[PDB]
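Visitor: Take this structure first; my questions come after.
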Amino acid sequence: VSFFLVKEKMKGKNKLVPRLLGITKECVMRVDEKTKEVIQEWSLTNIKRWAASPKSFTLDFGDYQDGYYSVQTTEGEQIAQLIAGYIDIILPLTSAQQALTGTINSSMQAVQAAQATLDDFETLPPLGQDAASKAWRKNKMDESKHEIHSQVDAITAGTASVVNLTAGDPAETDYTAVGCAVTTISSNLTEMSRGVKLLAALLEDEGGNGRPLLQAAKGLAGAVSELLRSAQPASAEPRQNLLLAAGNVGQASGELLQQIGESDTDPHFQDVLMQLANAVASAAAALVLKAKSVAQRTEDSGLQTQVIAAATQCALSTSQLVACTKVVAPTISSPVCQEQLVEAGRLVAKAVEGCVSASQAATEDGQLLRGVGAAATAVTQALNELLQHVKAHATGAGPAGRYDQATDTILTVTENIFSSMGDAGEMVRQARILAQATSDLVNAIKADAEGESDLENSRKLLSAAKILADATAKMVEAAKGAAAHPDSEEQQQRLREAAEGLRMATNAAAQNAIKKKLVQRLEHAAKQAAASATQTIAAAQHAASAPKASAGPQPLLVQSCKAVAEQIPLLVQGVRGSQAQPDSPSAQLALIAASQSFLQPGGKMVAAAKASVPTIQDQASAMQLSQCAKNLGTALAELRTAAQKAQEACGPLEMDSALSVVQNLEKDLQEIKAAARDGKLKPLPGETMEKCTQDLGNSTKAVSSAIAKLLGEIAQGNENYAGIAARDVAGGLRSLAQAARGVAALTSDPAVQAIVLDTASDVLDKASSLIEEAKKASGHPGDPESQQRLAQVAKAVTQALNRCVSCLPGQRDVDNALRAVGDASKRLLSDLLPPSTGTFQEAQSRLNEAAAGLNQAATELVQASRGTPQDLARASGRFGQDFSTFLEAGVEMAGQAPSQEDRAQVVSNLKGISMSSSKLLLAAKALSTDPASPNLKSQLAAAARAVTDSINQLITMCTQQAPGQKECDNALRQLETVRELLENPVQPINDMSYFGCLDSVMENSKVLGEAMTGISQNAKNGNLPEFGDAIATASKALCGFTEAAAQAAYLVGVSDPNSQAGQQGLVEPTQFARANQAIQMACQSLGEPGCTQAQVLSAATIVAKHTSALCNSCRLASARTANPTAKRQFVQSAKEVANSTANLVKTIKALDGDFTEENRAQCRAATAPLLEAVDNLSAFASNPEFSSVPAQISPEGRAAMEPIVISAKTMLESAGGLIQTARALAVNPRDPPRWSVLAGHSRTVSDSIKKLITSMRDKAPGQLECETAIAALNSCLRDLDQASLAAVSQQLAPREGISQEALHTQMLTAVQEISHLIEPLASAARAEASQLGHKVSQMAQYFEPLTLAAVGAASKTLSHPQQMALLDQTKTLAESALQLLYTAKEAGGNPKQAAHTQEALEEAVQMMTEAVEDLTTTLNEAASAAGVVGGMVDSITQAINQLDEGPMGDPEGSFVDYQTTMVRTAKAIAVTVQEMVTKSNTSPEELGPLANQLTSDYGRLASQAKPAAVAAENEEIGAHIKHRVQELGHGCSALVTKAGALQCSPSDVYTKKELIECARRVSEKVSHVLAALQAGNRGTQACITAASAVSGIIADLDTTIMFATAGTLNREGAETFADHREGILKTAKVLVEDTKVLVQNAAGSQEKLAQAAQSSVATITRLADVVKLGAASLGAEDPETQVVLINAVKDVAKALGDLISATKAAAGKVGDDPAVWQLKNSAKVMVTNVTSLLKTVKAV
């Protein structure tokens, strides 16, 4: 056996292990390298494919097992030769051109279809003439105009893209990007045509002429079709024909943009851009002439052709530049048009340097100087054009302004002072710059004032200049203060306030120049975000409906698209409203709010689109969506920054704006009532009665929640968040007014619409009073009467809200039952009736029949909930009448009660029934407005359960019937209501998992078997009480079983593939209802006079338990919510419930042992604040944004649901028969037929449990999906095996129509989507069997894409080691995914799974995370080798986005640790930026690796910033940290763009200057990040600085020692180590003083701790210098004598470093904690090293 020590790769691991591969004459065999034991055998006759490589040997036998043997050795050839000999012993377009041709044909059909539709006419909806209908027309016209502008942008960007992409040879052209461009054009043409038809219909309405707009759109469509014709690969026309078609497309698009009014750039810019492009072209013509002369002179034929080719390429590139300028000139504001211009310009430049080099190949001084001059002109004009439309990029739209440069400088420098808070040096530097600039502005103002003839204008100018000068003086004194005290936080705060005062007094000297600039930048960013969202929606709707088979998460993309589509019009309305009223604060605040609300749906859509991209079969549509998602991510990041800056500028004006919105709405309702008296009021499009009613209900709930939140913010005395609360009130009232107008327009009888409109006007009146009172109270904090009056006005608003909701016609029947319940309760319960009629047992029978009727009525109401609204109203009325009958019988039985406490208990239980029935009718009232709501229906079923529970309790307590007979009745009244849970189980009724439900089914079956045996045995024996409790336990087990089986069916439905789950909501309602009802009943018990002390104790226990449950619910809600203001209000609600229940418990403790009536009255007074706190918390939690999202269960999901429901219903009906026969046997102990019937009922019951459990066990959700995913991954691994076997044999054929960076981006997107899924799949494998199948299918869908892209990329790669690296790392990721799949199919979501499955799951998760890391690293470094910086910008923008789009839960960490880590990361970022600056000059091919390192470092910093933001002491400090990190990300993405640009074009002079300026901005932003980190702790930061300084000192000492050991000149005159000793000793004394002051100042003022740290570092530096001087005094003749002393000082330095670390960890720590003790230990060690220094100094 010949053994080769080979290395084989572990599965799931990018790791090699030594293996011994042995070849016998008859077999090949694998042997361990340590144990030398055989691991596996393969017959030699078996193997059929062997392939050798210089670095590998690969063997494939195949038929024995799937998978081949690849083992990595350097002798792969010798081992292969053995194998080969022994086996002898044993025995015309291209395809990418065709793909683009098909894409162009489909797009041409789409273009023709769009043309044909423009002849058709849009029918406009029936529209009224009232203000809302006019506003609908105008908003729809604006939406159409915006969308047409965005789609024309996309068409011209795609046309320029086609021109740029087709510029090359028929080979090395990426036809997939050409197809993406043409699909972009055609998709946006379809969308544009639809929008133009709508806009033109709207134009023909109001009396305009839509026909010119139709003709312009038709001309654009015709030019587009001519372009698509010219772009066909089969075409043989000259390039100038495509260039002409593209320029015509640009012209026609400009004409169309003229017709709608969305031509944005002024025609002066258009003419300048044309003349600049033609200047470039003429300069290039001169260059071509010079190169022609050079080619004439040159002799060699080969070189002459190179000169000619260079000149022709220059001519071609400039012709395409003028063509692309024609294309993108109408739409040059678009970033993608600008990107296509810079691509054209770089092609022009590259051709220019090509011409220069081909000239340089010839030798003559005059001619080469001619060529260099001409080439230099060509690049000068190219820069002129490029910078001109870079100026175009910035909005800069409007008048120049009299003071423009000064105010722009002031804006910049004041923002710089704001961003460097916590850094005195940069703050005062920027403050000095600002003082100079503002003094220039003041001088300009005074000069203008002297110039002005008018006395008033000169007076106002001089007064403004004087106020501005006062502000500069104050800011200068603030700068002096911050310069005197570099570590004082107060000085830096006062400098910030002075800079803010300057920014505020510039807004008065100028015409709000800074605030206007910030609002204009917000408008620009918002328009870009809306356009990107529009283009992404077009791309998504194209890829979704494309004839490609869908293999991915497209439905979630559809939901995200519709959400963003309902968001876009509001953003567009905010932008247009801010431009319409430039000087209106309300317009600016509305734009800020619109953009901030746009942020979250847009992020969801970007994520959904990125998750959809890998699964789209068509590569063109997947690329269009990938490009559009990236653009929208960038737009969203820029919108976040712009809205932040605008909000900081625009100030706290939201409280007055809310009132303005409210009276605007009230005036609008007056206009609507006028139009209702007229005929103008008509339904607005899409407004149905059901939709408007649901809108009215949701709006009422939202207003109540916002009022609760407003009162909370007023209580906290936080004026900022009270403004947001009043804004939410105003928005909810806007929605309510809209829904009220819709309902009034839809109804026809004038009285009803009049009632609706007066109810809405009353709500708005009450809310105006509320907001006025809120303003008055937030103006003056700490006024108790103010809070009381606020509560009064808030409850008045809530009453008006309820009157508005109930005024609907369909509410009155449920309201009739509510009034019947309330009035019957008030009359019959608050007073007993001493008169009584009939015998006691007659009253018992009457009450029993009334209770039976009441329970059956509740069941009928629950069934009606699934029926028509008329059915629900009729059922509610019948239930109310049956409640009246029941309460009459109950008060009769209470009257005939013999004992006083007996009738007292009857009254209490009747009060409980009244409350439960009121809440049942309130659940019905909730349904009546939103009948199709699943959650409200489940709420009604739960309320029926509560009602029957109250009835059962009263009958059990107060009947004294024959033993065992109450138990059967209560059991059947339980069964009747619990049977309704099985009807439509499309909502969760517990929080159980699948296996929780299966366990509970088994446990309840066990308990019910015990109870069934009990009832049979004690019916035979005749022992009644045991029979009764056995019946009770049987019914209880049946109710629990029904709950478990109902959620079992629900989860089997949700688990289905096409099904979709729903968000659980912040507070679970059924648990919340039980808590509130219990607290209310207990407070009633405390309230009543006749309560014994035992009842008081029990009720105190009840309130304590339930209020604790509420506070825990509030904590979970705070952790779960993404809204910061909702999180604040949930914390406040928890705190106030805690305080109220604590005061209640205190007054209860006072009550215990006293019993006096006065203390009872005090307890009654104390129980009320708890009730009102619970009421405010219910009102706040009622916000529909906190509500649970319904699950969408597919029809096959309900098919899966049905068996469980059928079995459970059969069980429950048979159990009802069982209770009947058991009751009959309880009457008489034995009967021949009844016992047989009992046996039949029991057998049907048990058989039903067994078959239901069989179905549950066999279903096992997640196991079929896991098996499908395992088969899919095995197929992918076989594909990767075939690829690798082809690549070893040099048989891997490359892909010809697609680039490397495209296939690598495909791989990266698939890998990123797999990575996003690794963790949730494991979380489902632990707990949820319902989410597990979803996760595994979602994750298995990304591996066929990844395998295809990986095989293509490996085929493209030429270096065989690197292609094998890609193939092997993709194998590793696939194998680790299979390990997850096997382990998660074993775990299954079952919590009872053994520890071996848990450890295997954790290990597989870690393995596959490492495989993702490895493949991501490979792809990133492959992109960095080339100049490809896409993905780096995408990564940076993703980091910027994720830094905000995350819920806040305050996970634990110390801000000191985060500060140290992020300070290190930021300093690394800075040194990388400076490396990039130097390498730009030195080696420009190292900018891509450095850009990758910057991208990794920024990603680390940004991921660290969210924990440090939650962990920081202030929300303000964390806000600044995150905002600085996001600004730094903006800078970093710009810098990596310029870095890739310079790497690809290293000789370009202007890209290099742009890179240098980008690096300058990035370094300043790094400084701002560091200042944000320092602002968290001035003293802890000083410890990090001290650590770095002492580390540098230690390094210097090491340098001096390694000098002194071998070679050093220690001679300074006659100075020796005699006079040095006294100085060294005094310095060491200063050091011991310094370590003492560090120990004291560890816990104290941060300025004191910082000063101590700085003084210690200064002392150590002085000691190091003086010790070096002493060592040099010793002389070089004795090295050891010097080295011992320098090692002594080095030990002192190390001890100080450890002491600084101890102080940092001990800063802000109490005495008892270990941190302070560890400080004194290292402090003592510090002294011992100092004394060791002191004695050594004396000794020598």
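In the structure tokens, chains take the letters A, B, ... in the order shown, each chain's residues start at 1, and ligands count up from 1 in the order shown.
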For residue 438 (chain A), list every protein, DNA or RNA residue within 10 Å, evaluated using only C-alpha atoms, and leave out those in the same chain fewer than 2 positions away; present the list as a list in words.
Guide: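 Within the cut-off, the hits are residues 406, 407, 409, 410, 432, 433, 434, 435, 436, 440, 441, 442, 443, 444, 465, 468, 469, 471, 472, 502, 503 and 506 of chain A.
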Visitor: Determine, counting only C-alpha atoms, which protein, DNA and RNA residues have an atom within 10 Å of an atom of residue 1430 (chain A); residues of the same chain fewer than 6 positions away are not included. Present the result as a ChimeraX atom specification.
Guide: /A:630,1301,1305,1423-1424,1533,1536-1537,1540
Visitor: Per DSSP on the backbone, what are the alpha helix (DSSP H) residues of region 1362-1550 of chain A, as a ChimeraX atom specification?
Guide: /A:1362-1387,1395-1425,1432-1442,1455-1482,1487-1511,1515-1544,1549-1550
Visitor: Could you dump the residues just selected with C-alpha atoms as a short mmCIF file (atom, residue, chain, number, x, y, z; two decimals), in the first residue's frame?
Guide:
data_model
loop_
_atom_site.label_atom_id
_atom_site.label_comp_id
_atom_site.auth_asym_id
_atom_site.auth_seq_id
_atom_site.Cartn_x
_atom_site.Cartn_y
_atom_site.Cartn_z
CA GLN A 1362 -8.54 31.27 -7.00
CA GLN A 1363 -11.30 29.52 -8.94
CA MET A 1364 -10.79 26.50 -6.70
CA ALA A 1365 -10.94 28.86 -3.73
CA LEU A 1366 -14.39 30.06 -4.82
CA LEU A 1367 -15.61 26.54 -5.57
CA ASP A 1368 -14.34 25.10 -2.27
CA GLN A 1369 -15.70 27.95 -0.18
CA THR A 1370 -19.11 27.64 -1.83
CA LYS A 1371 -18.96 23.91 -1.09
CA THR A 1372 -18.17 24.77 2.53
CA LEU A 1373 -21.16 27.10 2.81
CA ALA A 1374 -23.46 24.51 1.22
CA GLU A 1375 -22.17 21.74 3.52
CA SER A 1376 -22.59 23.86 6.63
CA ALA A 1377 -26.11 24.69 5.48
CA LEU A 1378 -26.83 20.97 5.19
CA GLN A 1379 -25.50 20.53 8.72
CA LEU A 1380 -27.93 23.22 9.90
CA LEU A 1381 -30.73 21.53 7.97
CA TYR A 1382 -30.11 18.10 9.51
CA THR A 1383 -29.70 19.51 13.01
CA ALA A 1384 -32.78 21.75 12.73
CA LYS A 1385 -34.89 18.90 11.38
CA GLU A 1386 -33.77 16.92 14.42
CA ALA A 1387 -34.47 19.83 16.78
CA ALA A 1395 -28.77 18.73 25.05
CA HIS A 1396 -27.03 16.91 22.20
CA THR A 1397 -29.40 18.54 19.70
CA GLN A 1398 -28.88 21.94 21.34
CA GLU A 1399 -25.09 21.70 21.16
CA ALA A 1400 -25.21 20.35 17.60
CA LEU A 1401 -27.44 23.27 16.58
CA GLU A 1402 -25.12 25.82 18.16
CA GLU A 1403 -22.07 24.22 16.55
CA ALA A 1404 -23.71 24.12 13.10
CA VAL A 1405 -24.74 27.78 13.43
CA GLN A 1406 -21.15 28.74 14.24
CA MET A 1407 -19.78 26.62 11.40
CA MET A 1408 -22.02 28.19 8.82
CA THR A 1409 -21.42 31.71 10.13
CA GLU A 1410 -17.70 31.03 9.64
CA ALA A 1411 -18.31 29.73 6.11
CA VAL A 1412 -20.24 32.91 5.28
CA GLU A 1413 -17.38 34.97 6.72
CA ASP A 1414 -14.83 33.12 4.58
CA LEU A 1415 -16.76 33.45 1.31
CA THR A 1416 -17.58 37.11 1.97
CA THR A 1417 -13.88 37.77 2.60
CA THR A 1418 -12.93 36.03 -0.65
CA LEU A 1419 -15.45 38.01 -2.70
CA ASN A 1420 -14.57 41.33 -1.05
CA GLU A 1421 -10.85 40.86 -1.69
CA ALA A 1422 -11.62 39.84 -5.27
CA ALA A 1423 -13.50 43.12 -5.71
CA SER A 1424 -10.68 45.07 -4.02
CA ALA A 1425 -8.03 43.59 -6.31
CA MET A 1432 -18.31 48.88 -0.39
CA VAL A 1433 -20.64 51.83 -0.88
CA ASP A 1434 -23.56 49.42 -0.54
CA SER A 1435 -22.12 48.01 2.70
CA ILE A 1436 -21.51 51.49 4.11
CA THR A 1437 -25.02 52.69 3.27
CA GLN A 1438 -26.47 49.49 4.73
CA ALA A 1439 -24.55 50.19 7.95
CA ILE A 1440 -25.84 53.79 8.01
CA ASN A 1441 -29.37 52.49 7.50
CA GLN A 1442 -29.22 49.70 10.09
CA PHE A 1455 -20.42 52.54 27.96
CA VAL A 1456 -16.75 52.50 28.99
CA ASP A 1457 -16.12 49.30 27.04
CA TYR A 1458 -17.98 50.60 23.99
CA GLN A 1459 -16.09 53.88 24.23
CA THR A 1460 -12.71 52.13 24.28
CA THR A 1461 -13.59 49.82 21.39
CA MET A 1462 -15.01 52.58 19.20
CA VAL A 1463 -12.14 54.96 19.97
CA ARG A 1464 -9.79 52.25 18.74
CA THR A 1465 -11.90 51.64 15.61
CA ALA A 1466 -12.13 55.36 14.78
CA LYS A 1467 -8.37 55.81 15.15
CA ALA A 1468 -7.87 52.82 12.84
CA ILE A 1469 -10.24 54.44 10.34
CA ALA A 1470 -8.20 57.64 10.44
CA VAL A 1471 -4.86 55.92 9.90
CA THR A 1472 -6.35 54.00 6.97
CA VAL A 1473 -7.57 57.27 5.44
CA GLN A 1474 -4.08 58.76 5.72
CA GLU A 1475 -2.60 55.60 4.20
CA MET A 1476 -4.98 56.13 1.28
CA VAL A 1477 -3.82 59.75 0.97
CA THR A 1478 -0.17 58.72 0.72
CA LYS A 1479 -0.80 55.75 -1.59
CA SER A 1480 -2.76 57.93 -4.02
CA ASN A 1481 0.58 59.54 -4.88
CA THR A 1482 2.76 56.49 -4.26
CA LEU A 1487 -6.43 52.04 -2.81
CA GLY A 1488 -8.97 49.24 -3.29
CA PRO A 1489 -7.51 47.05 -0.54
CA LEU A 1490 -7.39 50.14 1.67
CA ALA A 1491 -10.99 50.98 0.73
CA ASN A 1492 -12.01 47.47 1.77
CA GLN A 1493 -10.20 47.92 5.09
CA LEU A 1494 -11.99 51.25 5.59
CA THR A 1495 -15.30 49.54 4.80
CA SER A 1496 -14.68 46.80 7.38
CA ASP A 1497 -13.58 49.34 10.00
CA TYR A 1498 -16.62 51.55 9.43
CA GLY A 1499 -18.90 48.53 9.61
CA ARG A 1500 -17.37 47.58 12.95
CA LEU A 1501 -17.73 51.15 14.24
CA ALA A 1502 -21.36 51.39 13.10
CA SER A 1503 -22.37 48.04 14.57
CA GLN A 1504 -20.80 49.15 17.87
CA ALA A 1505 -22.65 52.46 17.87
CA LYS A 1506 -26.17 51.18 18.56
CA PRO A 1507 -25.22 49.36 21.81
CA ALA A 1508 -23.20 52.37 22.93
CA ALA A 1509 -26.22 54.54 22.19
CA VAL A 1510 -28.55 52.48 24.38
CA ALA A 1511 -25.81 52.11 27.00
CA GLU A 1515 -30.21 59.69 25.08
CA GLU A 1516 -28.66 62.93 23.80
CA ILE A 1517 -25.11 61.54 23.95
CA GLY A 1518 -26.09 58.32 22.17
CA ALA A 1519 -27.98 60.34 19.58
CA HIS A 1520 -24.86 62.39 18.85
CA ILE A 1521 -22.73 59.24 18.72
CA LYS A 1522 -25.00 57.57 16.16
CA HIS A 1523 -25.42 60.75 14.11
CA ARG A 1524 -21.67 61.34 13.91
CA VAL A 1525 -21.15 57.72 12.89
CA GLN A 1526 -23.76 58.11 10.14
CA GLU A 1527 -22.15 61.32 8.85
CA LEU A 1528 -18.81 59.51 8.86
CA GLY A 1529 -20.43 56.76 6.80
CA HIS A 1530 -21.55 59.30 4.21
CA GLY A 1531 -17.99 60.58 3.99
CA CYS A 1532 -16.55 57.06 3.86
CA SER A 1533 -18.76 56.04 0.94
CA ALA A 1534 -17.73 59.16 -0.98
CA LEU A 1535 -14.06 58.39 -0.25
CA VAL A 1536 -14.28 54.76 -1.38
CA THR A 1537 -15.99 55.95 -4.57
CA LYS A 1538 -13.07 58.30 -5.27
CA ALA A 1539 -10.60 55.59 -4.24
CA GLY A 1540 -11.95 53.16 -6.82
CA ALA A 1541 -12.09 55.96 -9.38
CA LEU A 1542 -8.42 56.81 -8.84
CA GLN A 1543 -7.36 53.16 -8.78
CA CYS A 1544 -9.00 52.53 -12.15
CA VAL A 1549 -5.15 64.68 -12.09
CA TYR A 1550 -8.63 65.74 -11.00
#
Visitor: Do you have, as JSON lines, the list of residues of region 787-836 of chain A lying at most 8 Å from region 922-940 of chain A, each with its nearest atom pair and that distance in Å to one decimal, counting only C-alpha atoms and ordered by chain then number?
Guide:
{"residue": "A:810", "atom": "CA", "partner": "A:928", "partner_atom": "CA", "distance": 7.1}
{"residue": "A:811", "atom": "CA", "partner": "A:928", "partner_atom": "CA", "distance": 6.7}
{"residue": "A:814", "atom": "CA", "partner": "A:925", "partner_atom": "CA", "distance": 6.1}
{"residue": "A:815", "atom": "CA", "partner": "A:925", "partner_atom": "CA", "distance": 7.5}
{"residue": "A:818", "atom": "CA", "partner": "A:922", "partner_atom": "CA", "distance": 7.8}
Visitor: Can I get the selection written as a tab-separated table (two decimals), in the first residue's frame, with C-alpha atoms?
Guide:
chain	number	residue	atom	x	y	z
A	810	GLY	CA	-75.08	50.49	12.59
A	811	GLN	CA	-73.90	51.14	16.15
A	814	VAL	CA	-75.31	47.24	20.04
A	815	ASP	CA	-75.58	50.56	21.87
A	818	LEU	CA	-75.26	48.45	26.16
Visitor: In Å, with one decimal, what is the gap from CA of residue 891 (chain A) to CA of residue 832 (chain A)?
Guide: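 Answer for the CA of residue 891 (chain A) to CA of residue 832 (chain A) separation: 7.3 Å.
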Visitor: If you count only C-alpha atoms, which residues fall within 9 Å of residue 1076 (chain A), apart from same-chain ones fewer than 3 positions away, as a PDB file with C-alpha atoms, in the first residue's frame?
Guide:
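Okay, this is what ended up in selection-v5.pdb:
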ATOM      1  CA  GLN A1071     -54.355  38.565  28.964  1.00  0.00           C
ATOM      2  CA  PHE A1072     -54.720  42.387  29.232  1.00  0.00           C
ATOM      3  CA  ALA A1073     -58.549  42.152  29.436  1.00  0.00           C
ATOM      4  CA  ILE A1079     -58.332  45.039  38.910  1.00  0.00           C
ATOM      5  CA  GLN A1080     -61.675  46.773  38.343  1.00  0.00           C
ATOM      6  CA  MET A1081     -63.653  44.114  40.225  1.00  0.00           C
ATOM      7  CA  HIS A1106     -52.431  41.913  38.192  1.00  0.00           C
ATOM      8  CA  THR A1107     -50.671  45.286  38.435  1.00  0.00           C
ATOM      9  CA  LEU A1110     -49.431  44.994  33.691  1.00  0.00           C
ATOM     10  CA  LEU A1171     -58.124  52.775  38.153  1.00  0.00           C
ATOM     11  CA  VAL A1174     -55.043  51.566  34.229  1.00  0.00           C
ATOM     12  CA  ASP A1175     -57.496  53.558  32.101  1.00  0.00           C
ATOM     13  CA  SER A1178     -55.565  51.011  28.142  1.00  0.00           C
TER      14      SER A1178
END
Visitor: Given only C-alpha atoms as the basis, pick out the residue of A:199, A:284, A:160, A:544 nearest to residue 245 (chain A).
Guide: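 For residue 245 (chain A), the nearest of the candidates is A:160.
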Visitor: Which is closest to residue 681 (chain A) among A:368, A:1208, A:893, A:127, if we use only C-alpha atoms?
Guide: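 Closest candidate: A:127.
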Visitor: Just checking: using only C-alpha atoms, which residue out of A:1097, A:1045, A:575, A:257 ends up closest to residue 1153 (chain A)?
Guide: A:1097
Visitor: Could you state the separation of CA of residue 525 (chain A) and CA of residue 593 (chain A) in Å, given to one decimal place?
Guide: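 Calculated distance between CA of residue 525 (chain A) and CA of residue 593 (chain A) is 13.6 Å.
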Visitor: A:152, A:322, A:58, A:163: which is nearest residue 254 (chain A), counting only C-alpha atoms?
Guide: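 Result for the nearest residue to residue 254 (chain A): A:152.
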Visitor: Residues at most 12 Å from residue 725 (chain A), counting only C-alpha atoms, excluding those fewer than 5 positions away in the same chain, as a PyMOL selection string?
Guide: chain A and resi 654-655+657-658+702-714+718-720+730-732+770-771+774-775+778+1124-1126+1128-1129+1180
Visitor: Could those selected residues go to a file with C-alpha atoms, as a short mmCIF file (atom, residue, chain, number, x, y, z; two decimals), in the first residue's frame?
Guide:
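As a result, selection.cif now contains:
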data_model
loop_
_atom_site.label_atom_id
_atom_site.label_comp_id
_atom_site.auth_asym_id
_atom_site.auth_seq_id
_atom_site.Cartn_x
_atom_site.Cartn_y
_atom_site.Cartn_z
CA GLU A 654 -44.91 71.65 16.82
CA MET A 655 -47.27 72.62 19.65
CA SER A 657 -48.79 73.87 14.55
CA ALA A 658 -51.09 71.23 16.05
CA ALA A 702 -55.34 56.65 17.68
CA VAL A 703 -56.58 60.00 19.02
CA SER A 704 -57.22 58.46 22.44
CA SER A 705 -53.75 56.90 22.47
CA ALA A 706 -52.15 60.19 21.45
CA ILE A 707 -54.04 62.03 24.20
CA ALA A 708 -52.79 59.50 26.74
CA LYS A 709 -49.26 60.03 25.45
CA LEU A 710 -49.68 63.82 25.55
CA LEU A 711 -50.78 63.71 29.18
CA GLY A 712 -47.81 61.47 29.96
CA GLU A 713 -45.39 63.91 28.34
CA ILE A 714 -46.97 66.81 30.22
CA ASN A 718 -40.76 67.26 28.53
CA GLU A 719 -41.70 70.00 26.07
CA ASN A 720 -40.03 68.33 23.07
CA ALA A 730 -53.59 66.44 15.21
CA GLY A 731 -52.78 63.67 12.73
CA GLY A 732 -55.31 61.32 14.27
CA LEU A 770 -57.29 69.97 24.87
CA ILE A 771 -54.34 71.20 22.82
CA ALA A 774 -51.69 71.22 26.88
CA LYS A 775 -49.79 74.24 25.56
CA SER A 778 -46.39 72.60 29.22
CA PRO A 1124 -39.11 56.17 20.89
CA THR A 1125 -42.06 58.21 22.15
CA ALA A 1126 -44.15 55.07 22.60
CA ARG A 1128 -41.14 56.59 26.80
CA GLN A 1129 -44.90 56.45 27.36
CA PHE A 1180 -52.45 54.40 25.19
#
Visitor: Excluding residue 133 (chain A) and any residue of its chain fewer than 6 positions from it, enumerate the residues within 10 Å of it, using only C-alpha atoms, and give them as a list in words.
Guide: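 Non-adjacent residues within range: residues 126, 127, 139, 680, 681, 682, 683, 684 and 685 of chain A.
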Visitor: As JSON, numbers by chain, please: the residues near residue 67 (chain A) (cut-off 10 Å, only C-alpha atoms, same-chain neighbours under 6 positions excluded).
Guide: {"A": [59, 60, 61, 1274, 1277, 1278, 1280, 1281, 1282]}
Visitor: I'd like the neighbourhood of residue 88 (chain A) as a CSV table (one decimal) with N, CA, C and O atoms, in the first residue's frame, where a residue qualifies if any of its atoms comes within 12 Å (using only C-alpha atoms), though same-chain residues fewer than 6 positions away should be ignored.
Guide:
chain,number,residue,atom,x,y,z
A,25,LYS,N,-3.4,-2.5,-5.1
A,25,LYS,CA,-3.6,-2.9,-6.5
A,25,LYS,C,-5.1,-3.1,-6.8
A,25,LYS,O,-5.5,-3.0,-8.0
A,26,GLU,N,-5.9,-3.3,-5.8
A,26,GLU,CA,-7.4,-3.5,-6.1
A,26,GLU,C,-8.3,-2.4,-5.5
A,26,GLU,O,-9.4,-2.4,-5.9
A,44,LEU,N,-11.1,-0.1,-6.7
A,44,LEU,CA,-10.4,0.5,-7.9
A,44,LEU,C,-11.3,0.4,-9.1
A,44,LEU,O,-11.4,1.3,-9.9
A,45,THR,N,-12.0,-0.7,-9.3
A,45,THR,CA,-12.9,-0.9,-10.4
A,45,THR,C,-14.0,0.1,-10.3
A,45,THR,O,-14.6,0.5,-11.3
A,48,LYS,N,-14.4,5.9,-11.7
A,48,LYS,CA,-14.4,6.1,-13.1
A,48,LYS,C,-13.9,7.5,-13.6
A,48,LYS,O,-13.6,7.7,-14.7
A,81,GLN,N,-1.0,8.9,-11.7
A,81,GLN,CA,-0.4,7.9,-12.6
A,81,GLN,C,-0.5,6.5,-12.1
A,81,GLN,O,-0.8,5.6,-12.8
A,82,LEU,N,-0.4,6.3,-10.7
A,82,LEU,CA,-0.7,5.0,-10.1
A,82,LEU,C,-2.1,4.6,-10.4
A,82,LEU,O,-2.3,3.4,-10.9
